[PDB]
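Here the structure is laid out as structure tokens; the discussion comes afterwards.
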Amino acid sequence: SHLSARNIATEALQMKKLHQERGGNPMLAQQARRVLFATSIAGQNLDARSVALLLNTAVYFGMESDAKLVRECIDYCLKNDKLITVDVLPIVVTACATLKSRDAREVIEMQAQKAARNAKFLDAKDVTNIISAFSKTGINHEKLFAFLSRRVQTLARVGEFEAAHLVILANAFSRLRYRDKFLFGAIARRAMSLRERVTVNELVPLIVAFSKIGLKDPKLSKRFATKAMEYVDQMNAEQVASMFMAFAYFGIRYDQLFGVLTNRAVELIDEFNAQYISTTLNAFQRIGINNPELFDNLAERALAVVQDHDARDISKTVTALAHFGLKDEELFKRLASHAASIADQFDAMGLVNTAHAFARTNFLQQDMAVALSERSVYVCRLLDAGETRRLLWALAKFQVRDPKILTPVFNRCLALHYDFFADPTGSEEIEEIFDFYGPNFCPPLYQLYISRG
Amino acid sequence: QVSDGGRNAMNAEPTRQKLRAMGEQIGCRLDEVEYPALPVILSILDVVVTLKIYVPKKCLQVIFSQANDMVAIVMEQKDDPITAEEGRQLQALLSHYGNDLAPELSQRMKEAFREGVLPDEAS
Amino acid sequence: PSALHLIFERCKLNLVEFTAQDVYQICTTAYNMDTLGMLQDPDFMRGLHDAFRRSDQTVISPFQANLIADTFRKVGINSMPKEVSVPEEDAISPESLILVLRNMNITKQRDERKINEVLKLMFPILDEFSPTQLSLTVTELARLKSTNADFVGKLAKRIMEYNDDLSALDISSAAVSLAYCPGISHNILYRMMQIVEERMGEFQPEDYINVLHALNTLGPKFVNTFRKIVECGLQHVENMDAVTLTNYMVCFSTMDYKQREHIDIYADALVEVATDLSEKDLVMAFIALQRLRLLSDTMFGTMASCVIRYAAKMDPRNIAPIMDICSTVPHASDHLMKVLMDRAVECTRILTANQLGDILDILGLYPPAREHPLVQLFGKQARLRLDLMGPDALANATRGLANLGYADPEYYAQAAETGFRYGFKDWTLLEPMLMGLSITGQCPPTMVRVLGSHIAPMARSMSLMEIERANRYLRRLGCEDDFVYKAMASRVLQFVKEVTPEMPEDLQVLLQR
Amino acid sequence: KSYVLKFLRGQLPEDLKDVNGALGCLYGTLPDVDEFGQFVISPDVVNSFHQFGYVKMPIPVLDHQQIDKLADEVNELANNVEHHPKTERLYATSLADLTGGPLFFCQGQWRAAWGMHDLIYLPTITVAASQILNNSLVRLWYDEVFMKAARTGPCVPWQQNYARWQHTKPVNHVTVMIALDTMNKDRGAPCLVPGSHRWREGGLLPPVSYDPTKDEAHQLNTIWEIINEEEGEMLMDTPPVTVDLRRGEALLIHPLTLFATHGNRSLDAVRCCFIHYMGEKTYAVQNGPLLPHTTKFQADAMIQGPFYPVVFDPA
Amino acid sequence: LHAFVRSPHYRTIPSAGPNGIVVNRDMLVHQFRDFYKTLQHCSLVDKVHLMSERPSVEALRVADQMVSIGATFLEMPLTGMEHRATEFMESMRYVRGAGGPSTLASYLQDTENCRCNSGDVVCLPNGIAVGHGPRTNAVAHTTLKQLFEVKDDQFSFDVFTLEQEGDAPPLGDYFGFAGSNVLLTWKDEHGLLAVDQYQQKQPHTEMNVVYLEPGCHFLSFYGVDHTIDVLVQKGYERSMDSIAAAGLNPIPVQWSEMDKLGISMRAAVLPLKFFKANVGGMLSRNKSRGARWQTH
């Protein structure tokens with residue numbers, strides 16, 4: 001029945017938690033949307049906690065900056081910044097990540113400037129939640145992160161954090177591109193001094209983040225490699241793929257670990273889905289290691305599960321197969337036919353990479369050709385010089401020669417012509433393009449090509 | 001920056017004495033400068049005290065006279081600011097260094113605190 | 001009727017030129033009598049709402065605008081009055097800024113920027129305030145929760161310099177609103193309480209309430225003041241409004257009065273008059289009486305009869321303290337417990353985490369609660385709420401459910417998983433988890449290893465008796481490691497310096513292990 | 001399927017055409033397959049539409065507690081201070097110049113805002129549209145709205161719907177119009193000839209001329225320019241009639257019917273919605289996209305895709 | 001109840017102690033870490049808000065700023081410690097973060113020719129015990145009498161002046177209370193002299209007396225918040241069994257490194273009794289404890 005706004009806020013928070021981390025029931029999402037679409041906060045009078053919770057849960061369930069509830073919450077958070085204590089700061093900051101309006105930007109900057117003044121007066125839970133919430137948005141406040149870094153460094157010398165705190169801190173700090181060596185050193189020190197309390201389910205993401213940050217150190221990398229050995233028989237497919245990705249990011253050929261992980265993964269081929277297949281092949285491509293026998297099994301399994309591929313999975317699998325030389329005619333035909341229907345879901349990277357990988361493989365379906373070529377006009381503004389050059393070479397091999405498709409590509413190529421003509425990896429790649437099109441096509445581009453440079 | 005409890009504990013004091021040497025060399029010329037506000041005076045005096053740098057009595061006299069003249073305005077105009085903590089440390093600094101620096105500012109700050117004209121920083 | 005239909009149609013189609021006073025008049029006549037259908041024609045109200053929203057609101061007092069919004073909200077359409085702008089240069093005066101603050105406070109919409117602007121503009125013209133305006137602006141600021149102590153201190157100084165030009169209720173309001181501001185210097189508080197003490201001769205029954213509220217918010221630091229007022233109370237204890245005596249008891253509880261001579265006589269007067277209290281004052285009269293340890297059978301019967309009246313429809317946040325109070329009283333009050341349990345059964349879906357945790361905690365050892373259905377249904381909700389519970393509520397709920405014998409195996413597994421990311425600060429925060437896991441005695445070994453790693457640092461603190469409980473819980477849980485047993489053995493050896501037959505079998509096996 | 005971050009598992013795609021179904025907003029959800037038989041329209045209404053070329057529904061299809069929300073969405077879609085999100089997913093709007101004017105319209109808005117997405121699947125109008133189209137499947141083509149300005153609200157001259165739908169091979173459409181507010185001949189109610197859909201054996205009348213500055217009466221009396229003597233006599237037989245609508249009433253029209261709408265003389269704005277349906281057996285004519293940034297078809301290809309979702313299917 | 005501790009600055013720990021005793025730089029912070037972790041696991045404190053590192057080593061001493069008497073908090077005079085004013089500001093901020101007092105009281109600072117130093121103050125039943133001598137002068141004692149000597153029945157607040165010698169440390173380090181009605185002191189001159197003087201001051205009361213070995217640092221939180229835990233340095237053996245025979249539960253915190261720098265256990269922590277602000281005649285839930293349902 002009808003209830004006060006505070007009870008609504010509590011039930012909404014529980015609904016968000018159940019949807020987030022205890023199974024994605026669609027009925028719960030639909031019921032929560034129904035309840036939150038017809039509820040307003042103006043009449044009642046509540047403290048900051050209930051209003052912040054309402055805003056956060058509403059934004060989580062797909063409410064943009066136009067609905068009544070979001071505006072009603074945002075005006076309050078605009079007019080009562082002093083009522084926003086360190087308790088409710090991370091909730092609002094997380095709630096304003098997806099929104100990109102004017103008021104959302106101003107609220108986020110208000111919270112950011114308030115945070116780097118109470119840096120010294122925080123504790124473990126507030127520090128963890130604040131740093132994760134700030135990592136969510138994409139802010140670039142270097143001084144705030146430095147102020148929090150000193151606080152975490154000091155607080156780590158007395159040993160309070162558990163494994164989850166370490167995982168959250170490592171993930172949030174890695175995602176923000178903060179390459180501070182001493183901070184991660186203290187993180188690692190506190191991690192290694194916690195005996196028997198870092199389960200693999202909490203060990204693996206820490207390794208993932210430590211690989212993703214990109215600090216150059218072989219010593220702690222070798223320590224990570226040796227520590228991961230004893231649990232090789234305990235993980236499942238997802239953790240094996242994550243370990244492959246992380247150790248590819250590390251960039252050190254730990255052959256023993258790669259071998260034992262391969263012998264482990266070959267047993268778990270059945271549990272692999274498309275996402276793990278793509279992740280493993282992409283990691284192997286990045287590191288630069290050839291493992292044929294495993295590749296054949298992965299290719300056959302991917303053949304069995306073609307329907308489940310997404311845009312990312314195709315853009316990874318096709319690139320890896322093109323790079324590694326292992327070709328399957330039936331698998332490639334199925335992948336091209338499937339990507340024909342999913343032609344709209346490609347982002348800037350996926351379309352160009354898939355087109356180039358198909359062009360170099362000499363496997364040119366026509367339905368895929370037209371479906372991918374028509375899409376190029378929409379995205380052409382987003383690409384870079386090298387990606388545009390690769391897409392143009394793939395189109396030249398595609399033999400389309402249609403002005404409606406080709407007109408924006410040449411404009412963009414002229415846009416980045418300095419980088420376009422200064423790429424040695426592809427100096428021969430422009431020759432086939434300009435052979436296929438000819439001087440009668442683009443007089444300015446041809447004049448620049450003939451020119452010295 | 002210099003560390004006594006470290007791997008280079010052999011020249012800690014020979015470096016601290018040098019640092020104090022320049023400190024004196026810049027302190028002896030401090031009477032030539034105007035001080036815009038009390039917090040500048042507090043910062044300079046805090047460094048001098050926590051670093052044990054001798055200063056000539058003339059520079060002390062100029063500093064304390066300027067502080068007295070500046071602090072007169074807020075008290076006499078009963079409003080605009082100086083926090084009560086700031087007055088506490090200023091009174092304490094003069095008490096440490098002696099009453100003769102400003103034999104009037106002593107009772108002036110004492111009366112100003114008696115009237116409660118300087119509110120707390122968190123108020 | 002015919003012309004009425006035409007007038008209604010002209011109103012709905014939105015061609016009439018309506019000014020705000022006309023819509024106020026129509027709203028009033030619909031609010032009070034509504035003989036003809038006004039609140040039952042949605043289109044008419046929609047048109048009136050549009051007319052009100054588009055019309056200028058600057059020609060009405062705040063109260064009538066609030067009435068318009070209130071009558072609009074009843075029929076099912078949201079409505080909020082337009083906000084006001086700060087006055088310009090020439091329109092500035094001590095009277096207009098108070099109007100701005102008053103409109104801010106009345107319409108239940110607040111803003112910090114306008115508050116800062118008006119407090120910046122008020123200072124230069126502070127000398128134009130009438131002596132009866134400062135005591136209004138002081139209670140206006142303290143109603144907006146404006147944590148600015150220097151301006152309020154200046155206002156208090158000016159008010160107290162104008163002592164003779166205010167009535168008793170003005171001093172009452174000034175004191176109660178002043179006590180609600182944290183950053184005030186204590187000398188001003190001393191002087192205000194002295195001024196209050198000087199004016200006992202003119203006080204009224206409501207006008208004691210504010211001073212008592214201020215003293216309760218301040219605490220024992222002003223104890224002598226409460227000594228004087230209570231003395232002045234000795235001449236009226238024969239007849240007081242029950243709220244006044246309830247406030248007297250609350251101040252006694254928060255002051256730690258070491259003189260029962262007057263507490264007794266006040267309580268005897270309250271005993272008979274408590275029947276007229278509402279829910280909140282009844283509950284806190286109960287708490288005040290219990291804290292000073294006066295509950296006997298004669299007053300317990302009367303207050304049980306008084307609380308059974310509300311027992312059917314308690315507010316959930318007023319249930320746990322009542323159970324707590326009845327826990328620490330040896331008299332027989334089983335029926336009150338029974339009805340409170342029955343009421344708490346219904347509110348299970350709407351109860352928060354902390355309320356459920358405390359309710360379960362207080363029923364740890366109640367025998368009639370061993371068979372009541374709340375042994376299971378509550379636990380079911382405890383399954384869902386577990387993702388929100390803090391360490392304190394989690395420990396309390398686990399302790400209560402384990403003491404009640406709840407046989408859900410996975411519950412304590414999820415509890416351990418939740419607690420492993422929180423950490424523990426003391427043995428009490430960890431004991432319920434082991435106690436719950438002891439109902440079955442088996443669980444995956446990794447969590448046992450983690451529990452041992454957590455227990456090992458805590459061995460240095462608990463005494464000889466508690467180490468026995470720790471050993472009893474560890475051995476039954478199939479623990480195997482050694483660096484935990486030796487940690488407990490060292491602390492045991494710290495007390496007993498020799499192996500002796502006096503210690504129980506667990507101590508004997510621990511001393512040889 | 002790639003891995004979605006933890007705090008992004010409940011969001012919705014950029015374009016709402018992807019969620020193959022109705023959101024749980026406004027009315028609860030679609031009824032069961034057997035529960036679709038209660039929305040049927042009395043046959044007398046069908047014969048009345050056949051005769052007069054238009055017809056009104058016996059009962060309103062919306063309640064005030066939903067119409068206020070729809071009007072809130074309509075007001076939000078017109079902001080010139082903070083442009084409404086998902087603006088780029090609309091077919092065309094009058095605010096593309098960032099200035100607007102005394103008339104506000106948007107087309108294909110069901111891909112941009114909640115609630116109005118759920119309006120498309122409302123059974124009480126979809127089943128009526130299915131019954132009008134000879135008991136077959138129905139398909140949404142494109143939805144648009146109109147919001148007139150204050151007392152300077154301009155009007156719309158006489159028009160035939162099919163004049164904008166030459167791309168469709170047969171004449172097999174229908175139009176539903178929803179009145180979001182109380183409308184009147186002094187506020188913007190529509191006026192339409194009760195027999196203009198049965199003239200010239202279904203031929204299309206010549207396009208009408210108009211001036212952007214003349215008074216409303218001159219724009220109304222330009223009908224004589226198009227008609228002939230024969231149509232003139234029927235015009236005397238069948239004079240134009242204006243229908244007044246209250247909050248939530250729905251009006252069904254035919255694509256061959258001449259219609260126009262008065263201006264706005266009241267003290268505020270007024271809102272209305274137009275939804276256009278197809279039946280089955282509908283094919284394109286030329287090679288290309290029917291609407292900007294839509295699916296391309298063949299010269300004689302049946303019209304179907306993601307942008308034209310099925311709504312109601314009998315049996 | 002809250003406690004405040006400060007982490008030392010690693011880069012500037014002194015190489016050697018005042019008497020020339022070598023001090024282990026790493027073992028000092030190790031002992032600090034262990035001591036803080038023990039302080040958490042006590043079941044009487046409510047929280048420990050950790051401060052930040054500060055350069056001067058003397059800043060590790062935090063109890064010299066403020067003295068808590070009865071139901072009020074008091075600020076110590078700043079004479080002789082002029083270089084530690086700024087850190088005081090910062091500590092105040094931490095206090096404001098917790099939610100206790102807004103600002104300190106300014107009684108002693110305005111009393112001219114007043115020299116005082118904490119540690120000389122010991123909280124005892126309903127009263128205080130202040131030690132005369134090298135630090136606290138006579139005028140300070142008279143002023144303390146004016147502020148806190150009331151002589152009304154059922155409302156009296158005793159003040160006790162215990163006289164010691166010049167070489168004696170501050171009274172709170174070798175003469176203390178614990179639990180209730182239990183008195184402990186050092187087994188040396190400053191011990192028997194103090195207990196004898198106190199017994200002459202209030203002969204009508206008798207308390208258990210349990211001595212510690214001289215040079216042993218102990219900390220017991222006495223007051224309305226009754227506690228049954230005592231911290232004792234891991235450098236002595238007889239005091240542990242003596243305190244266990246008194247009826248108390250000792251805890252052996254390691255304090256070897258900190259001793260060489262002349263900092264006691266008392267001079268590291270600062271306990272406060274925060275008055276939660278009750279609003280509108282409304283009480284606040286308290287930390288209840290006991291045995292529920294004693295009648296079946």
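Ordering of the structure tokens sets the chain letters (A, B, ...); residue numbers start at 1 within each chain; ligands are numbered from 1 in the order shown.
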
Using only C-alpha atoms and a cut-off of 12 Å, which residues of chain E sit close to chain A? Please list them as an MDAnalysis selection string.
chainID E and resid 5:10 26 29:40 47:54 90:98

Using only C-alpha atoms, determine which residues lie at most 8 Å from residue 319 (chain C), disregarding the query and same-chain residues fewer than 5 positions distant; provide the list as an mmCIF file with N, CA and C atoms, in the first residue's frame.
data_model
loop_
_atom_site.group_PDB
_atom_site.id
_atom_site.type_symbol
_atom_site.label_atom_id
_atom_site.label_comp_id
_atom_site.auth_asym_id
_atom_site.auth_seq_id
_atom_site.Cartn_x
_atom_site.Cartn_y
_atom_site.Cartn_z
ATOM 1 N N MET C 314 1.321 0.182 18.117
ATOM 2 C CA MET C 314 2.593 0.837 18.392
ATOM 3 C C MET C 314 3.296 1.263 17.109
ATOM 4 N N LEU C 340 2.938 -6.985 22.629
ATOM 5 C CA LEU C 340 3.994 -6.332 21.861
ATOM 6 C C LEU C 340 4.581 -7.269 20.813
ATOM 7 N N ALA C 344 4.546 -6.640 16.813
ATOM 8 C CA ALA C 344 5.785 -6.682 16.045
ATOM 9 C C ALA C 344 5.758 -7.752 14.966
#

Residues of chain B that have any atom at most 8 Å from an atom of chain C: could you tabulate them with the shortest-distance atom pair and the distance in Å to one decimal, using only C-alpha atoms, ordered by chain and increasing number, as a tab-separated table?
residue	atom	partner	partner_atom	distance
B:119	CA	C:150	CA	6.5
B:122	CA	C:183	CA	7.0
B:123	CA	C:149	CA	5.0

Shortest contact to chain E, candidates B:108, B:29, B:57, B:52, atoms counted only C-alpha atoms, goes to B:52

Mind the document's chain letters and residue numbers, and return as a PyMOL selection string the residues of region 72-154 of chain E that DSSP labels alpha helix (DSSP H).
chain E and resi 85-98+107-110+138-148

Restricting the output to N, CA and C atoms, write the selected residues as a tab-separated table (two decimals), in the first residue's frame.
chain	number	residue	atom	x	y	z
E	85	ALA	N	51.84	24.63	19.48
E	85	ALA	CA	50.52	25.24	19.37
E	85	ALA	C	49.79	24.77	18.11
E	86	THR	N	50.48	24.78	16.97
E	86	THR	CA	49.82	24.49	15.70
E	86	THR	C	49.20	23.10	15.69
E	87	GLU	N	49.94	22.09	16.15
E	87	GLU	CA	49.39	20.75	16.21
E	87	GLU	C	48.11	20.72	17.04
E	88	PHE	N	48.05	21.53	18.11
E	88	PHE	CA	46.83	21.60	18.90
E	88	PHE	C	45.63	21.94	18.03
E	89	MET	N	45.76	22.95	17.16
E	89	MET	CA	44.67	23.27	16.25
E	89	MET	C	44.20	22.02	15.54
E	90	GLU	N	45.15	21.28	14.95
E	90	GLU	CA	44.78	20.11	14.17
E	90	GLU	C	44.05	19.10	15.04
E	91	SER	N	44.54	18.87	16.26
E	91	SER	CA	43.87	17.93	17.14
E	91	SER	C	42.44	18.37	17.40
E	92	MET	N	42.25	19.68	17.63
E	92	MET	CA	40.90	20.19	17.82
E	92	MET	C	40.00	19.80	16.66
E	93	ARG	N	40.51	19.92	15.43
E	93	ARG	CA	39.71	19.55	14.27
E	93	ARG	C	39.26	18.10	14.36
E	94	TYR	N	40.18	17.20	14.72
E	94	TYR	CA	39.79	15.80	14.87
E	94	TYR	C	38.69	15.67	15.90
E	95	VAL	N	38.80	16.40	17.01
E	95	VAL	CA	37.76	16.37	18.02
E	95	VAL	C	36.43	16.81	17.42
E	96	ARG	N	36.45	17.91	16.65
E	96	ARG	CA	35.22	18.38	16.02
E	96	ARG	C	34.68	17.34	15.05
E	97	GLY	N	35.58	16.56	14.44
E	97	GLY	CA	35.13	15.49	13.56
E	97	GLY	C	34.33	14.44	14.30
E	98	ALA	N	34.72	14.15	15.55
E	98	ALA	CA	34.00	13.14	16.32
E	98	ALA	C	32.64	13.65	16.76
E	107	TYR	N	39.74	29.02	31.45
E	107	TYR	CA	39.90	29.47	32.82
E	107	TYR	C	41.36	29.67	33.18
E	108	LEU	N	42.18	28.62	33.02
E	108	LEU	CA	43.55	28.67	33.51
E	108	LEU	C	44.40	29.67	32.73
E	109	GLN	N	44.17	29.78	31.42
E	109	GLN	CA	45.02	30.64	30.59
E	109	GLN	C	44.93	32.10	31.01
E	110	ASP	N	43.80	32.52	31.57
E	110	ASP	CA	43.63	33.91	31.99
E	110	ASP	C	44.08	34.17	33.42
E	138	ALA	N	51.30	26.76	43.90
E	138	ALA	CA	50.23	26.95	44.89
E	138	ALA	C	49.06	27.73	44.30
E	139	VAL	N	49.34	28.74	43.48
E	139	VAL	CA	48.27	29.56	42.92
E	139	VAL	C	47.36	28.72	42.02
E	140	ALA	N	47.95	27.76	41.30
E	140	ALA	CA	47.13	26.85	40.50
E	140	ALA	C	46.20	26.03	41.39
E	141	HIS	N	46.70	25.57	42.53
E	141	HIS	CA	45.86	24.82	43.47
E	141	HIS	C	44.72	25.68	43.99
E	142	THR	N	45.02	26.93	44.36
E	142	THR	CA	43.97	27.83	44.84
E	142	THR	C	42.93	28.07	43.76
E	143	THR	N	43.36	28.29	42.52
E	143	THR	CA	42.42	28.52	41.43
E	143	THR	C	41.54	27.30	41.20
E	144	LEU	N	42.15	26.11	41.22
E	144	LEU	CA	41.37	24.89	41.07
E	144	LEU	C	40.34	24.76	42.19
E	145	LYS	N	40.72	25.17	43.40
E	145	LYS	CA	39.76	25.18	44.50
E	145	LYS	C	38.61	26.14	44.22
E	146	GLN	N	38.91	27.33	43.69
E	146	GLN	CA	37.83	28.28	43.42
E	146	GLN	C	36.86	27.73	42.37
E	147	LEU	N	37.38	27.11	41.31
E	147	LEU	CA	36.46	26.60	40.29
E	147	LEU	C	35.71	25.35	40.74
E	148	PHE	N	36.37	24.40	41.41
E	148	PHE	CA	35.78	23.08	41.58
E	148	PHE	C	35.65	22.61	43.03

Identify all chain C residues at most 7 Å from chain E by counting only C-alpha atoms; ligands do not count. Present them as a PyMOL selection string.
chain C and resi 183+213+216-217+221+247+250+258-259+327-328+330+365-367+425-426+458+461+463

Produce a file of the selected residues containing N, CA and C atoms, as a PDB file, in the first residue's frame.
ATOM      1  N   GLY C 183      27.832  25.948  18.452  1.00  0.00           N
ATOM      2  CA  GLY C 183      29.075  26.680  18.578  1.00  0.00           C
ATOM      3  C   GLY C 183      29.086  27.874  19.505  1.00  0.00           C
ATOM      4  N   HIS C 213      13.622  22.203  28.330  1.00  0.00           N
ATOM      5  CA  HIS C 213      14.191  21.630  27.116  1.00  0.00           C
ATOM      6  C   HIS C 213      15.626  22.093  26.909  1.00  0.00           C
ATOM      7  N   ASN C 216      17.821  20.231  29.378  1.00  0.00           N
ATOM      8  CA  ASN C 216      18.025  18.852  28.944  1.00  0.00           C
ATOM      9  C   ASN C 216      19.032  18.774  27.806  1.00  0.00           C
ATOM     10  N   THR C 217      18.942  19.696  26.848  1.00  0.00           N
ATOM     11  CA  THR C 217      19.898  19.705  25.748  1.00  0.00           C
ATOM     12  C   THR C 217      21.296  20.108  26.202  1.00  0.00           C
ATOM     13  N   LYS C 221      26.031  20.293  33.192  1.00  0.00           N
ATOM     14  CA  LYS C 221      26.950  21.412  33.370  1.00  0.00           C
ATOM     15  C   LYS C 221      26.271  22.630  33.986  1.00  0.00           C
ATOM     16  N   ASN C 247       8.676  16.287  31.406  1.00  0.00           N
ATOM     17  CA  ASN C 247       9.927  17.002  31.174  1.00  0.00           C
ATOM     18  C   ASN C 247      10.766  17.090  32.441  1.00  0.00           C
ATOM     19  N   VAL C 250      12.492  13.788  32.672  1.00  0.00           N
ATOM     20  CA  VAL C 250      13.539  13.650  31.663  1.00  0.00           C
ATOM     21  C   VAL C 250      14.773  14.450  32.060  1.00  0.00           C
ATOM     22  N   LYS C 258      21.468  13.777  42.539  1.00  0.00           N
ATOM     23  CA  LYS C 258      21.820  12.951  43.687  1.00  0.00           C
ATOM     24  C   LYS C 258      20.952  13.241  44.901  1.00  0.00           C
ATOM     25  N   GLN C 259      19.709  13.672  44.686  1.00  0.00           N
ATOM     26  CA  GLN C 259      18.802  14.057  45.771  1.00  0.00           C
ATOM     27  C   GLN C 259      17.423  13.492  45.437  1.00  0.00           C
ATOM     28  N   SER C 327      12.290  -6.002  30.324  1.00  0.00           N
ATOM     29  CA  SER C 327      13.256  -7.068  30.559  1.00  0.00           C
ATOM     30  C   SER C 327      13.912  -6.934  31.927  1.00  0.00           C
ATOM     31  N   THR C 328      14.203  -5.704  32.352  1.00  0.00           N
ATOM     32  CA  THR C 328      14.995  -5.451  33.548  1.00  0.00           C
ATOM     33  C   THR C 328      14.083  -5.106  34.737  1.00  0.00           C
ATOM     34  N   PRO C 330      11.619  -7.244  37.622  1.00  0.00           N
ATOM     35  CA  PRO C 330      11.264  -8.601  38.063  1.00  0.00           C
ATOM     36  C   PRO C 330       9.771  -8.866  38.171  1.00  0.00           C
ATOM     37  N   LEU C 365      16.543 -14.716  25.564  1.00  0.00           N
ATOM     38  CA  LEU C 365      16.316 -15.764  26.553  1.00  0.00           C
ATOM     39  C   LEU C 365      14.862 -15.848  27.001  1.00  0.00           C
ATOM     40  N   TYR C 366      13.930 -15.323  26.218  1.00  0.00           N
ATOM     41  CA  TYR C 366      12.526 -15.357  26.611  1.00  0.00           C
ATOM     42  C   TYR C 366      11.940 -16.730  26.308  1.00  0.00           C
ATOM     43  N   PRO C 367      11.469 -17.470  27.307  1.00  0.00           N
ATOM     44  CA  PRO C 367      10.956 -18.826  27.056  1.00  0.00           C
ATOM     45  C   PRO C 367       9.704 -18.827  26.193  1.00  0.00           C
ATOM     46  N   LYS C 425      36.281  -5.676  15.642  1.00  0.00           N
ATOM     47  CA  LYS C 425      37.026  -4.866  16.588  1.00  0.00           C
ATOM     48  C   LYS C 425      37.125  -5.484  17.972  1.00  0.00           C
ATOM     49  N   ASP C 426      36.298  -6.476  18.292  1.00  0.00           N
ATOM     50  CA  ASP C 426      36.334  -7.069  19.618  1.00  0.00           C
ATOM     51  C   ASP C 426      35.766  -8.480  19.594  1.00  0.00           C
ATOM     52  N   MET C 458      43.118 -12.101  18.932  1.00  0.00           N
ATOM     53  CA  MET C 458      42.222 -11.720  20.017  1.00  0.00           C
ATOM     54  C   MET C 458      42.443 -12.526  21.289  1.00  0.00           C
ATOM     55  N   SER C 461      43.444 -10.931  25.091  1.00  0.00           N
ATOM     56  CA  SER C 461      42.570 -10.057  25.862  1.00  0.00           C
ATOM     57  C   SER C 461      41.608 -10.790  26.781  1.00  0.00           C
ATOM     58  N   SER C 463      39.683 -13.274  29.332  1.00  0.00           N
ATOM     59  CA  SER C 463      40.188 -13.836  30.577  1.00  0.00           C
ATOM     60  C   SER C 463      40.102 -15.363  30.544  1.00  0.00           C
TER      61      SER C 463
END

Pull out every residue of chain A sitting within 7 Å of chain C, counting only C-alpha atoms, and send them as number ranges by chain.
A: 7, 79-80, 162-164, 196-197

To test your reading of the structure, identify every residue in region 150-313 of chain D that backbone DSSP assigns to strand (DSSP E), and report it as a ChimeraX atom specification.
/D:156-159,173-179,190-192,241-242,250-253,259-261,270-278,288-289,296-297

I'd like the neighbourhood of residue 65 (chain C) as a count of residues only, where a residue qualifies if any of its atoms comes within 12 Å (using only C-alpha atoms), though same-chain residues fewer than 3 positions away should be ignored.
29

Please determine, counting only C-alpha atoms, which residue among D:174, D:269, D:250, D:256 has the shortest atom-to-atom distance to chain C.
D:269

Any idea what's packed within 12 Å of region 229-241 of chain A, counting only C-alpha atoms, ignoring anything in its chain fewer than 5 positions away? Could you give it as a PyMOL selection string?
(chain A and resi 198-208+222-224+246-248+254+256-284) or (chain D and resi 3)
